[PDB]
Each structure stands twice: as structure tokens, then as C-alpha cells.
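Undergrad: Provided herewith is a single structure, encoded as C-alpha cells, for subsequent inquiry.
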There are 12 protein chains.
Amino acid sequence: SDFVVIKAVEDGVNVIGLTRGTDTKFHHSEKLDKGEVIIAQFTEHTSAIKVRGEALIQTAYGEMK
Amino acid sequence: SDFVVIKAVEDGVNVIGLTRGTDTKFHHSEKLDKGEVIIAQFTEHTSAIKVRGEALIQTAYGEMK
Amino acid sequence: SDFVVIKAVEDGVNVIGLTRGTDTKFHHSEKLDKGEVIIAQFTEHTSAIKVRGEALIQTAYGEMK
Amino acid sequence: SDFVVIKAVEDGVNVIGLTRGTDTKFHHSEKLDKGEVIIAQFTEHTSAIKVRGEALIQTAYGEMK
Amino acid sequence: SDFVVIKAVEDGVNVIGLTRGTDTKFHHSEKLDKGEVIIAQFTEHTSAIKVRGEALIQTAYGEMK
Amino acid sequence: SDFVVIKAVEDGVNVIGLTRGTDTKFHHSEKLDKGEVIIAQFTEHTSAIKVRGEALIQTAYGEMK
Amino acid sequence: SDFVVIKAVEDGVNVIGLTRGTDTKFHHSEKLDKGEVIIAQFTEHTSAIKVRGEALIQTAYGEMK
Amino acid sequence: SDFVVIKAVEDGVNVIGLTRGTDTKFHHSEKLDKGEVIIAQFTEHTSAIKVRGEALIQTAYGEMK
Amino acid sequence: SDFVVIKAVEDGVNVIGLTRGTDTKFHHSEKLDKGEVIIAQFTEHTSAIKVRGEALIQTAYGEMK
Amino acid sequence: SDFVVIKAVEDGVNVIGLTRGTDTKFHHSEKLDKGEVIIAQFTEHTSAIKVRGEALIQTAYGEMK
Amino acid sequence: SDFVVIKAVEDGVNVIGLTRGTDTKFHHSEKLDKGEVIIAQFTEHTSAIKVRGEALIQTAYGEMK
Amino acid sequence: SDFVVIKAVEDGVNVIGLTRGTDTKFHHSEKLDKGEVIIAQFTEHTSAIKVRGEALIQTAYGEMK
Ligand SMILES: N[C@@H](Cc1c[nH]c2ccccc12)C(=O)O
Ligand SMILES: N[C@@H](Cc1c[nH]c2ccccc12)C(=O)O
Ligand SMILES: N[C@@H](Cc1c[nH]c2ccccc12)C(=O)O
Ligand SMILES: N[C@@H](Cc1c[nH]c2ccccc12)C(=O)O
Ligand SMILES: N[C@@H](Cc1c[nH]c2ccccc12)C(=O)O
Ligand SMILES: N[C@@H](Cc1c[nH]c2ccccc12)C(=O)O
Ligand SMILES: N[C@@H](Cc1c[nH]c2ccccc12)C(=O)O
Ligand SMILES: N[C@@H](Cc1c[nH]c2ccccc12)C(=O)O
Ligand SMILES: N[C@@H](Cc1c[nH]c2ccccc12)C(=O)O
Ligand SMILES: N[C@@H](Cc1c[nH]c2ccccc12)C(=O)O
Ligand SMILES: N[C@@H](Cc1c[nH]c2ccccc12)C(=O)O
Ligand SMILES: N[C@@H](Cc1c[nH]c2ccccc12)C(=O)O
Ligand SMILES: N[C@@H](Cc1c[nH]c2ccccc12)C(=O)O
Ligand SMILES: N[C@@H](Cc1c[nH]c2ccccc12)C(=O)O
Ligand SMILES: N[C@@H](Cc1c[nH]c2ccccc12)C(=O)O
Ligand SMILES: N[C@@H](Cc1c[nH]c2ccccc12)C(=O)O
Ligand SMILES: N[C@@H](Cc1c[nH]c2ccccc12)C(=O)O
Ligand SMILES: N[C@@H](Cc1c[nH]c2ccccc12)C(=O)O
Ligand SMILES: N[C@@H](Cc1c[nH]c2ccccc12)C(=O)O
Ligand SMILES: N[C@@H](Cc1c[nH]c2ccccc12)C(=O)O
Ligand SMILES: N[C@@H](Cc1c[nH]c2ccccc12)C(=O)O
Ligand SMILES: N[C@@H](Cc1c[nH]c2ccccc12)C(=O)O
Ligand SMILES: N[C@@H](Cc1c[nH]c2ccccc12)C(=O)O
Ligand SMILES: N[C@@H](Cc1c[nH]c2ccccc12)C(=O)O
């Protein structure tokens, strides 16, 4: 399954999972400080991912700075 | 499934999910402040995505600035 | 499934879904103001998409300007 | 499924769906004025598409000017 | 399924569908005037396509002028 | 399925289908005059194709001149 | 299924089908005179093809002169 | 399945597996000293991976430094 | 299935099929005179092919002169 | 399945298999002397691989020196 | 299935099949004199191939000289 | 299935198969003298391969000298 790579360029970046289904709610958040990385899949329960704060993002479609 | 990457260049960007099926309405709007990103899939419930406001958008077919 | 990316270059763009099946009718029209984007799939209900107004379009086959 | 992208270069372009099956009949027509686009799939009902008038056409096999 | 793109360079181009099966005959002829285009699939009923008249032809294997 | 594109460079080209199975016989011969094209699939019935006369041929493997 | 393209560079080229199975026998031959072409598949009954005489041969692996 | 390659550039890197499902918890943290590498898959149990500390990361989408 | 293309550069080339299964023996030898070609598949009965004599050989992995 | 190639540049490299499943522990350590190589798959039992010591590592995503 | 191409550069090359399964034994050795080629698949019975003597080898991963 | 190509650059190279499953044991070794090659698959029984001694190794991921 598809995934995203998220690296914090500054402290306090939040990576938020949004629920799959008829409803769209916050189900989990991970905080990244500068330099920390999360590699996160889309899953049965997560169909959208929100990132708050300055991050470097890589997906199958390229880089989002 | 396919997805889209949307980064807000200005405050107040709305990323809107439109319902899959015979009927079409907005089922969710995620508001992004400047710099925030959403990576969102097409899903059982979402078959079109509308973006209002100045955003950087990436899909399987490249970039839309 | 395949999808199309449509960006309005000027106010008053309409993105129209045509019904899949023996009958062909417009089932939904989405208005886009300048700068707004819709990323829309072909679906069980939609097998053709009509775009009226000045728009930038991307598909698997490239760009229409 | 495969699809075609058709943009009218002049007013009065007609995009015509032809029936799949033993018989080949016109089952629907869409008119495009200058700059208007249709993105249309081949489907259960449609196995050939006819275009009358000056149009820019894109398919999986390239551009037909 | 595979398809062919045929554009008439002169009036009176005929695009002819030949029947799939043990027997081979012409089940349909679509006449194209100059500039008109047909995008036609191979199908349950059509396993060969004949073009008479001056036409620009595109397939999966490139162009035929 | 795989197909062949055949264009007659002179009058009197014949495109001949050979029967699939234990037995091999000509089941159909299509005459092509100069400039005429046939796009023909391999099928349940046809597992080899013979071309007589001066023709331009395209397949998945390239061009024969 | 895979196929081969065979063009006679001289008169009297023979293209011979060999049987699939425990036994390897000649089951059919086609004669090509100069310029004539056969496009022939491997099939349920043919698992090897022999060519006698000067021919230009194209397969998925390239050209054999 | 998809995997990640993580190399510690300094001592004290932690590679953390997050649980797949409705709940998201850290189920394992692997410490890496300078120069040590982990190559870790996404799995039935693990649907996101967090990396803390200065690390070189490679995925299908390229490198993070 | 995969195949090999073998052209005799000299008279007396032998193309030998070796049996698939626990036991290995030659089940067929096809003798090629200069210029003759065999295009031969791997099959239910043939899992290795031996060529004796000077031949030009092409496979999925390129040429062997 | 995916695999990794690991070559020891110094004596005492350990290649460690981590268990697939809810629990994570080290089920095997292969010690490599200088120049020795292990080519190791991900498997039913191994879903992460840890390398301690100076090694040259290759995976589907390139080299890690 | 995958295969290997082996050409003897000097007399006395041996191509040896090793048995698939819990046990590993030589089940067949084919001698190749200078210039002779074997194209051999991996099979139900053969899961490793040993080549002794000076040989040119081609596989999906390239050439060994 | 995936395979590896191993050529001995010096005498006395040992290629060792390690068992698939909960246990990781050596089940077979092949010795290669200078210039000798083994092409070995991963299999039901073998999920890791160890090489002792100076060898040239090729896999799907490139060359390991
Ligand atoms: N338990 C979550 C873990 C997860 C995966 N991707 C995420 C993105 C954001 C937050 C959490 C996650 C899930 O399986 O869906
Ligand atoms: N619950 C929504 C979440 C979602 C996915 N993609 C979206 C695009 C826009 C808005 C919401 C979404 C869904 O599963 O469909
Ligand atoms: N990328 C996957 C995510 C996924 C995993 N399991 C799922 C089950 C149902 C729907 C989606 C999923 C998909 O869109 O398919
Ligand atoms: N409810 C519509 C939403 C949609 C998808 N693509 C579209 C294109 C145009 C208009 C509406 C749509 C559907 O699932 O089919
Ligand atoms: N791209 C997928 C989206 C999707 C995921 N799960 C679905 C379930 C039903 C319909 C569509 C979906 C599709 O068109 O199929
Ligand atoms: N491009 C898809 C559209 C689609 C999604 N779900 C469907 C269900 C039925 C028919 C078509 C669809 C297709 O042609 O298959
Ligand atoms: N109802 C038509 C819609 C359509 C798709 N492609 C077309 C091309 C031309 C005209 C109509 C169409 C169908 O499903 O087949
Ligand atoms: N009814 C025809 C339509 C058609 C498709 N391709 C064609 C080519 C030529 C003529 C007609 C056709 C069919 O389904 O087969
Ligand atoms: N390109 C598709 C067109 C198609 C869509 N839905 C279909 C249903 C039946 C037959 C054909 C189709 C095909 O020929 O396969
Ligand atoms: N009825 C023939 C039509 C055909 C397809 N390819 C051909 C090539 C040559 C001659 C006839 C054909 C068939 O289905 O097989
Ligand atoms: N290219 C397709 C054409 C096709 C569509 N629907 C079919 C139904 C039966 C036979 C052929 C077809 C094929 O050879 O299969
Ligand atoms: N190229 C196809 C031709 C084909 C279409 N339908 C078939 C049915 C049976 C045998 C062959 C066919 C094949 O070799 O398979
Ligand atoms: N009836 C033969 C036709 C054929 C296909 N490929 C060939 C090559 C050589 C000779 C005959 C053939 C068959 O189906 O097998
Ligand atoms: N009857 C043999 C024909 C054959 C195919 N490939 C070969 C290679 C060598 C010799 C004979 C063959 C078979 O089906 O297997
Ligand atoms: N990348 C795989 C991970 C995986 C392996 N086995 C699984 C079983 C269930 C769910 C996920 C998995 C996936 O998303 O599918
Ligand atoms: N190239 C095909 C030829 C083929 C068609 N039908 C077959 C039936 C059995 C064996 C082979 C075939 C193959 O090797 O599979
Ligand atoms: N009977 C052997 C033939 C064979 C295939 N590849 C080989 C490599 C070496 C020796 C023999 C073979 C088998 O089917 O497995
Ligand atoms: N390349 C095919 C050869 C093959 C065709 N038909 C077969 C039947 C049984 C075994 C092998 C075959 C394979 O290894 O599978
Ligand atoms: N037992 C864990 C091992 C694992 C795989 N990938 C990981 C990433 C981080 C931490 C642990 C792991 C699992 O199968 O899921
Ligand atoms: N890469 C494979 C590893 C694997 C092999 N056999 C397995 C059995 C069960 C689970 C995983 C595996 C996978 O994730 O699927
Ligand atoms: N490369 C093939 C070899 C093979 C052919 N037939 C087989 C039957 C059983 C096991 C292996 C095979 C594989 O690993 O699958
Ligand atoms: N009998 C062993 C043969 C083998 C394949 N690859 C190997 C690598 C090393 C040693 C032995 C092997 C097996 O099937 O697994
Ligand atoms: N018995 C182990 C062998 C193994 C494969 N990959 C490994 C990586 C590290 C250590 C051991 C292994 C297994 O099948 O999983
Ligand atoms: N690369 C193969 C190895 C393999 C061959 N045969 C197998 C049987 C069972 C498990 C693994 C295999 C895989 O992991 O899929």
C-alpha cells in the first residue's frame, strides 16, 4: 500500500491521521521535532494524513518542500 | 488507491471531499492554514476532491501550481 | 480508476459529470472560480466529464491548455 | 478503462457515442464550443467515438491535431 | 481493449468493422468527411478494422501516414 | 490481444488469415488497394497472418518496409 | 501470446510449424516469395518455428537478419 | 511489501514501530548506534515507522538526509 | 512462454531439446543448414535447449555471437 | 519476496533477523568475517533485518555505504 | 520461469543441475565443447545451476565473463 | 523466483544455503574454484545464502564486487 515520508524541518511538526469511512475525524497525532521522520502508510483505518508545521514530504509523486 | 498531495500557500485553503455514488455533495471540508499539507486518497466514500484557495497540488500526473 | 485534474484559469468554469449506462444525462455540475481545482475520478456513475470555461486540464495523457 | 480527451478548437464540434454490440448506432451526442473539453471513456455501452469539427484529441497513443 | 484513432484527411474515408469469428464480413462502415475522427475499439464483434481513403492513423504501435 | 497494422503501398495487396488449430488453411483473404489499411488482431480463429504484395507493416516489434 | 514476423528477402523462403508436445514433427509449411510476410504466433499446437531461406526476422528480442 | 532502510549517522537513533489498526501505539523501539542499519518492512502489525536521531533513510521514493 | 532465436552461420548446426522433469535426455534434434533459423519455446516438454555448431543466438537477455 | 545483500568490510559484522508478528525479538544472528556476504530474504518469520558493523548493503532502493 | 544462457569458451565446460527440495544433489551434468551453448531454465526439479570451466554466462542480471 | 549469480574470483569459495523457517541452519554447501559459477534461487527450503571467499556477485539489485 502507498505511504508518505515526512521529515520535520523545524520542531513541533504534527502528523495527523484522519479516519477512513463516511466520517472524517482525527484518530491519532505524532509530533516530530527537527530532523525526526515518520514513514506512514494509508491503511484500513487511515485514508488521509494532515501535516502541520514545516516538513519535507516525499511520496510516489515526488517531493513537497 | 490514487491520492493527491495538497499544500496551502495561504491561510484558509479548503480541501473538500465529494461523495461517491449517484448523488454528489460535500461530506467533509478540511481547512488548511499556510504551509499545512494534506495527503488524501480516493476512497469508497470520496470520488472527487475540490480545492479552494491558493495551493500547491501534486498527483500521479504531475504538479499543478 | 483513472481521474482528471481541472484548474479554473478564469471564474465561471463548470465541471459536469455524465451518467454511465445506456442513458446519458448530466447528473452533477460543479462550479469552479478562478484558481480552484477539482480532481475527479471516473466512477460507477460517471463515465464522461465535460468542462466548460477556460481551464487547465491534466490527465494520464498529459496537459490541455 | 481507456478514455479520450477532446477539446474543441472551433465552435460547434460534436462528439458522438456509437453503440457496443452487433449494431452500430449513435446513442448520444455532446456539442462543444471553442475551448470546451470532454473526457470520455469507452464503456459497456460505447465502443467507438466519432468527432465532427476541428478538435484537439489526446489518447494513450498521443496527440491528434 | 486496444483501439485505433483515424482522422480523415479527405472526404469519403470509410472505416469498416470486420466480424470476429469463423466467418469474416463487413458489419459496419462509418463514412468520415475531411477532418472527422473515429476512435474505435476492438470488441466482442470487431476483430479487424479496414480503412479506405486518405487518413491519419494512430495505434499502440505509432503512426501510419 | 496482439494485432498487426498493414498498409498497401501499391494495388493488389492481400492480407490472409490462417486458421488456429491442428489444421492450417486460409479462411479469409482481404484485398487492399494502394493507401488502404487493415488493423487486424490475432483471435480465437486466426493465429497467423500472411501478407502478399508491397505493404508497410507495423507490429509490437516495430516496422517492416 | 508471442509471435514472430518473417519477411522473405529472396524467393522460396519456407516457414515451417513444428508440433507442441512429446513429439516434434512438421505440421504445416508456408512459402514466401520475395517481399511477402508472415506474422505467426506460438499456439496450442505450434511451439517451434523453422525458417528456410534468406529472411528478415523480428521478434520480441529484436531483429535477426 | 514496502520497506524502509535506516542507517544511524550518530549514536542514539531509535526506530519505532507503530501498531496497525484503530489504535496507534509504539510496539517496539530498536536502538541503532552509529553506522548500524535496519531494513524494516511494513507488516500486518506495523503500518507506520518513526525515526528519531540523525539517520540516513532510503525508501521507494528516494533518500532522506 | 520464453523462447530463443537460433540462426545457423554454418551447415550442420544442431538445436537439441532436453526433457523437462526428474530425468534429462535429448528428445529432439533439429539440424540447421547455413542461414536457417529456428525460433523455439520452452514448453511442458522442453526445459533446456542445447546448440551445437556456430550459431547466432538471441534471447530475452540479448545476443550471443 | 524482497531481499538484501550484505557484505562485511571488517570482521565481526552481525546480520540479525527480527521476528515477524506482534512481538519483536532477534531469532538469529549470522556473523560475517571480512569479505563474506549474506543475501537474505524477508520471509514468513523475518520482517526486519539489523546489521551491526561496517558493511556494504544493497537493496531494491540502491546502495548504503 | 527464469533461465540462464551458458556458452563454452573452451572445451570441457560442465553445466550441472542441482535438485530442488530439502536435499541437494547433482541430477544432471551437461558437457559443452568450445562454442556450444545451453539455455537452461529453473524448473520444478532444478533450483540451482553450477558451471565449471571457462564460460560466458548471461542472466536477467547481465553478463559474467 | 529471485536468484543470485556467484562467480569465484579465487579458489575455495563456499556458497552456503540457510534454511527457511523458524530455524536458521546450514543445509548445503557448494565449493567453487576460480572462475566457477553458481546461479542459485531462493526456494521453499532456502531463504538466505551465505558466501565465504572472494566472489563476484550479481543480483536483481546490481553487482557486489
Ligand atoms: N494505527 C494506524 C497507524 C497509522 C498508519 N498511518 C498513519 C498516519 C497517521 C497516523 C497514524 C497512522 C493505522 O493503522 O491506520
Ligand atoms: N473519511 C474520508 C476521508 C477522506 C479521504 N480523502 C478525502 C478527501 C477529502 C476529504 C476527506 C477525505 C474517506 O475515507 O473518504
Ligand atoms: N492504499 C490502500 C489502503 C488500504 C489498506 N487496506 C484497505 C482496506 C480497505 C480499503 C483501503 C485499504 C487502498 O487504498 O486500498
Ligand atoms: N457522485 C459522483 C462524484 C463525481 C466523481 N467524478 C465526477 C465528475 C463530475 C461530477 C461528479 C463526479 C460519482 O461518484 O460519480
Ligand atoms: N481508486 C479506488 C477508490 C476506492 C477505494 N475503495 C473503494 C471501494 C469502492 C469503490 C471505490 C474505492 C477505486 O476507484 O476503486
Ligand atoms: N474507471 C473505472 C470506473 C469505475 C469505478 N467503479 C466502477 C463500477 C462499475 C463500472 C465502472 C466503475 C472503470 O471503468 O472500471
Ligand atoms: N452513458 C454513456 C456516456 C458516455 C461515455 N463515453 C461516451 C462517449 C460519447 C458519448 C457518450 C459517452 C456511456 O456510459 O457509455
Ligand atoms: N458495434 C460495434 C462498434 C465498433 C467498434 N469498433 C468498430 C470499428 C469499426 C466499425 C464499428 C466498430 C462493436 O461494438 O464492435
Ligand atoms: N476498455 C474496456 C472498455 C469497457 C469498460 N467496461 C466494459 C464492460 C464490458 C466490455 C468492455 C468494457 C474494455 O474493452 O475492456
Ligand atoms: N473473422 C476473423 C477476422 C480477422 C481477424 N484478424 C484477421 C486477419 C486476417 C483475416 C481475417 C481476420 C477472426 O475473428 O479471426
Ligand atoms: N482486445 C479484446 C477485444 C474484446 C473485447 N471484448 C471481447 C469479448 C470477447 C472476445 C474479444 C473481446 C480481446 O481480444 O479479447
Ligand atoms: N493473441 C491471443 C488471441 C486470442 C484471442 N482470443 C483467444 C481465444 C483462444 C485462443 C487464442 C485467442 C492469444 O494468443 O491468446
Ligand atoms: N494452425 C496453426 C497455424 C500457425 C500458427 N503459427 C504457425 C507457425 C507455422 C505454421 C503454422 C502456424 C496453429 O494454430 O498452430
Ligand atoms: N515438441 C517440442 C518442440 C520444441 C519446442 N522447443 C524446442 C526446442 C528444441 C527442440 C524441440 C523443441 C515441444 O513442444 O517441447
Ligand atoms: N505493505 C503491506 C503490509 C502488510 C503485509 N501483510 C499484511 C497483512 C494485512 C495488512 C497489511 C499487511 C500492506 O499494506 O498490505
Ligand atoms: N505462447 C503461449 C502459446 C500457447 C497458447 N495456448 C497454449 C496452451 C498450452 C500451452 C501453450 C500455449 C504459451 O507458451 O503459453
Ligand atoms: N530435466 C531437467 C532439465 C534441466 C533444466 N535446467 C537444467 C539445468 C541443468 C541441468 C539440467 C536442467 C529439468 O527439467 O529440471
Ligand atoms: N516457461 C514455461 C514453460 C511451460 C509451458 N507450458 C508448461 C507446462 C508445464 C511446465 C512448464 C511449461 C514455464 O516454465 O512454466
Ligand atoms: N514484529 C514486527 C517487526 C517489525 C517490522 N517492521 C518494524 C518496524 C519497526 C519496529 C518493528 C518492526 C512486525 O512484524 O511488525
Ligand atoms: N515480502 C513478503 C515476505 C513473506 C514471505 N512469505 C510470507 C508469509 C507470510 C507473511 C509474509 C511473507 C511479504 O511481506 O508478504
Ligand atoms: N522459477 C520457477 C521454477 C519452477 C517451474 N515449475 C515449478 C514447479 C514447482 C516449483 C518451482 C517451479 C519457480 O520458482 O516457480
Ligand atoms: N535443494 C536446494 C538447492 C538450492 C537452491 N538454492 C540454493 C542456495 C544454496 C544452497 C543450495 C541451494 C533448494 O531447493 O533449496
Ligand atoms: N530461517 C530464516 C532465515 C533468514 C532469512 N532472512 C534472514 C535475515 C536474517 C536472519 C535470518 C534470516 C527465515 O526463513 O526467516
Ligand atoms: N522469492 C520467492 C521464494 C520462493 C520460491 N518458492 C517458494 C515457496 C514458498 C515460499 C517462498 C518461495 C518468495 O519469497 O516468494
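Within each chain, counting starts at residue 1; across the C-alpha cells, chains are named A, B, ... in the order shown, with ligands numbered 1 upward in that order.
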Return as JSON, numbers by chain every polymer residue, whether protein, DNA or RNA, with at least one atom no more than 10 Å from an atom of ligand 20; count only C-alpha atoms and all ligand atoms.
TA: {"H": [1, 2, 3, 41, 42, 43, 44], "J": [1, 2, 3, 20, 21, 41, 42, 43, 44, 45, 46, 47], "L": [20, 21, 44, 47]}
Undergrad: Any chance you could fit chain H onto chain F with least squares, all Cα atoms in order, and share the moved copy as a compact mmCIF listing (two decimals) with C-alpha atoms, in the first residue's frame?
TA:
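Generated file (part19.txt):
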```
# COMPACT_ATOMS: atom_id res chain seq x y z
CA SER H 1 -4.71 -9.27 -27.94
CA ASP H 2 -1.79 -8.62 -30.27
CA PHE H 3 -2.50 -7.05 -33.66
CA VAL H 4 -0.82 -6.05 -36.92
CA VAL H 5 -1.14 -2.84 -38.95
CA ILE H 6 -0.83 -3.32 -42.71
CA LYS H 7 -0.80 -0.50 -45.28
CA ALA H 8 -0.77 -1.18 -49.03
CA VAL H 9 1.95 0.81 -50.82
CA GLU H 10 0.67 -0.48 -54.20
CA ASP H 11 -2.56 -2.02 -55.53
CA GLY H 12 -3.13 -5.77 -55.17
CA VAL H 13 -2.00 -6.42 -51.60
CA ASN H 14 -3.68 -9.42 -49.94
CA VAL H 15 -3.96 -9.95 -46.19
CA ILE H 16 -4.71 -13.59 -45.43
CA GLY H 17 -5.88 -15.15 -42.17
CA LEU H 18 -4.70 -18.66 -41.30
CA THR H 19 -6.82 -20.90 -39.08
CA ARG H 20 -5.87 -21.62 -35.47
CA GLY H 21 -5.74 -25.31 -34.54
CA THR H 22 -4.32 -28.62 -35.72
CA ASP H 23 -5.23 -27.72 -39.30
CA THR H 24 -3.91 -24.68 -41.16
CA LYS H 25 -5.96 -23.25 -44.01
CA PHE H 26 -6.65 -19.81 -45.41
CA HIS H 27 -10.05 -18.74 -44.06
CA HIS H 28 -10.17 -15.18 -45.40
CA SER H 29 -8.25 -13.00 -47.82
CA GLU H 30 -8.74 -9.24 -47.75
CA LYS H 31 -7.67 -7.22 -50.78
CA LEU H 32 -6.12 -3.80 -50.18
CA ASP H 33 -5.68 -1.18 -52.88
CA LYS H 34 -2.94 1.46 -52.65
CA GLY H 35 -3.12 3.51 -49.44
CA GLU H 36 -5.69 1.28 -47.72
CA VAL H 37 -5.01 -0.04 -44.23
CA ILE H 38 -6.10 -3.03 -42.21
CA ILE H 39 -5.57 -3.33 -38.47
CA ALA H 40 -6.10 -7.00 -37.65
CA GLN H 41 -5.95 -8.92 -34.39
CA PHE H 42 -4.89 -12.43 -33.64
CA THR H 43 -8.04 -14.16 -32.50
CA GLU H 44 -9.72 -17.43 -31.50
CA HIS H 45 -9.84 -18.28 -35.20
CA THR H 46 -6.69 -16.61 -36.59
CA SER H 47 -3.19 -17.48 -35.30
CA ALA H 48 -1.10 -16.45 -38.31
CA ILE H 49 -1.43 -13.73 -40.95
CA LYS H 50 0.17 -13.72 -44.40
CA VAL H 51 0.71 -10.55 -46.42
CA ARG H 52 1.35 -10.65 -50.17
CA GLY H 53 2.24 -7.55 -52.21
CA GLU H 54 4.16 -4.42 -51.34
CA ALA H 55 3.00 -3.36 -47.88
CA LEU H 56 4.13 -1.34 -44.88
CA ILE H 57 3.72 -3.40 -41.71
CA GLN H 58 3.79 -2.38 -38.05
CA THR H 59 3.69 -4.70 -35.04
CA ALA H 60 4.66 -4.52 -31.36
CA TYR H 61 8.21 -5.30 -32.55
CA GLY H 62 8.46 -2.34 -34.95
CA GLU H 63 8.19 -1.72 -38.69
CA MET H 64 8.71 -3.81 -41.85
CA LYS H 65 9.32 -1.86 -45.09
```
Undergrad: Give me, please, the distance in Å between atom 12 (C, counted along the ligand's line) of ligand 2 and atom 2 (C, counted along the ligand's line) of ligand 15, quoted to one decimal.
TA: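 Computing it gives 21.3 Å between the two atoms.
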Undergrad: Would you give me, as an MDAnalysis selection string, the residues in chain F that DSSP reads as strand (DSSP E)?
TA: chainID F and resid 3:8 13:19 26:32 37:41 46:52 55:59 62:64
Undergrad: Restricting the output to N, CA and C atoms, write the selected residues as a short mmCIF file (atom, residue, chain, number, x, y, z; two decimals), in the first residue's frame.
TA:
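Written out: selection-v3.cif:
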```cif
data_model
loop_
_atom_site.label_atom_id
_atom_site.label_comp_id
_atom_site.auth_asym_id
_atom_site.auth_seq_id
_atom_site.Cartn_x
_atom_site.Cartn_y
_atom_site.Cartn_z
N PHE F 3 -1.97 -7.37 -32.34
CA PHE F 3 -2.50 -7.05 -33.66
C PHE F 3 -1.38 -6.60 -34.59
N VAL F 4 -1.74 -6.45 -35.86
CA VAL F 4 -0.82 -6.05 -36.92
C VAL F 4 -1.47 -4.89 -37.67
N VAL F 5 -0.67 -3.93 -38.11
CA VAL F 5 -1.14 -2.84 -38.95
C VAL F 5 -0.49 -3.03 -40.31
N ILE F 6 -1.31 -3.07 -41.35
CA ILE F 6 -0.83 -3.32 -42.71
C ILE F 6 -1.35 -2.21 -43.62
N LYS F 7 -0.44 -1.52 -44.30
CA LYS F 7 -0.80 -0.50 -45.28
C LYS F 7 -0.28 -0.88 -46.66
N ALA F 8 -1.16 -0.88 -47.66
CA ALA F 8 -0.77 -1.18 -49.03
C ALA F 8 -0.01 0.00 -49.63
N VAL F 13 -2.45 -5.78 -52.84
CA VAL F 13 -2.00 -6.42 -51.60
C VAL F 13 -3.11 -7.33 -51.07
N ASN F 14 -2.73 -8.51 -50.58
CA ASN F 14 -3.68 -9.42 -49.94
C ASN F 14 -3.24 -9.72 -48.52
N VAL F 15 -4.18 -9.61 -47.59
CA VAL F 15 -3.96 -9.95 -46.19
C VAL F 15 -4.79 -11.19 -45.90
N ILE F 16 -4.11 -12.27 -45.51
CA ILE F 16 -4.71 -13.59 -45.43
C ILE F 16 -4.66 -14.13 -44.01
N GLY F 17 -5.81 -14.54 -43.48
CA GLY F 17 -5.88 -15.15 -42.17
C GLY F 17 -5.76 -16.66 -42.26
N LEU F 18 -4.90 -17.22 -41.41
CA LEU F 18 -4.70 -18.66 -41.30
C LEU F 18 -5.38 -19.19 -40.04
N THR F 19 -6.05 -20.32 -40.17
CA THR F 19 -6.82 -20.90 -39.08
C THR F 19 -5.97 -21.39 -37.90
N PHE F 26 -6.27 -21.20 -45.24
CA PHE F 26 -6.65 -19.81 -45.41
C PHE F 26 -8.16 -19.71 -45.23
N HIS F 27 -8.61 -18.89 -44.28
CA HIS F 27 -10.05 -18.74 -44.06
C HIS F 27 -10.62 -17.43 -44.60
N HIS F 28 -9.75 -16.46 -44.87
CA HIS F 28 -10.17 -15.18 -45.40
C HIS F 28 -9.00 -14.45 -46.02
N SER F 29 -9.24 -13.84 -47.17
CA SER F 29 -8.25 -13.00 -47.82
C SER F 29 -8.88 -11.65 -48.08
N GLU F 30 -8.26 -10.60 -47.54
CA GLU F 30 -8.74 -9.24 -47.75
C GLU F 30 -7.83 -8.51 -48.73
N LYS F 31 -8.42 -7.97 -49.79
CA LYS F 31 -7.67 -7.22 -50.78
C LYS F 31 -7.55 -5.77 -50.32
N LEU F 32 -6.36 -5.20 -50.49
CA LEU F 32 -6.12 -3.80 -50.18
C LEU F 32 -5.58 -3.12 -51.42
N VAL F 37 -5.60 0.51 -45.44
CA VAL F 37 -5.01 -0.04 -44.23
C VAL F 37 -5.94 -1.07 -43.61
N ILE F 38 -5.36 -2.14 -43.09
CA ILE F 38 -6.10 -3.03 -42.21
C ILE F 38 -5.33 -3.16 -40.89
N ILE F 39 -6.08 -3.11 -39.81
CA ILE F 39 -5.57 -3.33 -38.47
C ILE F 39 -6.27 -4.59 -38.01
N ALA F 40 -5.52 -5.67 -37.86
CA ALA F 40 -6.10 -7.00 -37.65
C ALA F 40 -5.50 -7.65 -36.42
N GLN F 41 -6.37 -8.19 -35.58
CA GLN F 41 -5.95 -8.92 -34.39
C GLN F 41 -5.70 -10.39 -34.68
N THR F 46 -7.86 -17.00 -35.79
CA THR F 46 -6.69 -16.61 -36.59
C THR F 46 -5.42 -16.57 -35.74
N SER F 47 -4.46 -17.44 -36.04
CA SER F 47 -3.19 -17.48 -35.30
C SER F 47 -1.96 -17.18 -36.15
N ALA F 48 -2.16 -16.92 -37.44
CA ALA F 48 -1.10 -16.45 -38.31
C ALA F 48 -1.72 -15.64 -39.44
N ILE F 49 -0.96 -14.67 -39.93
CA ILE F 49 -1.43 -13.73 -40.95
C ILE F 49 -0.35 -13.65 -42.02
N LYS F 50 -0.75 -13.80 -43.28
CA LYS F 50 0.17 -13.72 -44.40
C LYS F 50 -0.15 -12.48 -45.21
N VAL F 51 0.88 -11.76 -45.63
CA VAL F 51 0.71 -10.55 -46.42
C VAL F 51 1.48 -10.70 -47.72
N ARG F 52 0.76 -10.58 -48.83
CA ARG F 52 1.35 -10.65 -50.17
C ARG F 52 1.22 -9.28 -50.82
N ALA F 55 3.73 -3.89 -49.01
CA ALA F 55 3.00 -3.36 -47.88
C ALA F 55 3.94 -2.82 -46.82
N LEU F 56 3.46 -1.84 -46.06
CA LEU F 56 4.13 -1.34 -44.88
C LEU F 56 3.47 -2.03 -43.70
N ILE F 57 4.26 -2.63 -42.82
CA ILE F 57 3.72 -3.40 -41.71
C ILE F 57 4.28 -2.91 -40.38
N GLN F 58 3.39 -2.71 -39.41
CA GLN F 58 3.79 -2.38 -38.05
C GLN F 58 3.26 -3.42 -37.07
N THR F 59 4.11 -3.85 -36.14
CA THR F 59 3.69 -4.70 -35.04
C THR F 59 4.29 -4.16 -33.75
N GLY F 62 7.98 -3.41 -34.08
CA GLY F 62 8.46 -2.34 -34.95
C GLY F 62 7.92 -2.44 -36.37
N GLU F 63 8.67 -1.91 -37.32
CA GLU F 63 8.19 -1.72 -38.69
C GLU F 63 8.92 -2.61 -39.70
N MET F 64 8.16 -3.08 -40.69
CA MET F 64 8.71 -3.81 -41.85
C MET F 64 8.40 -3.01 -43.12
#
```
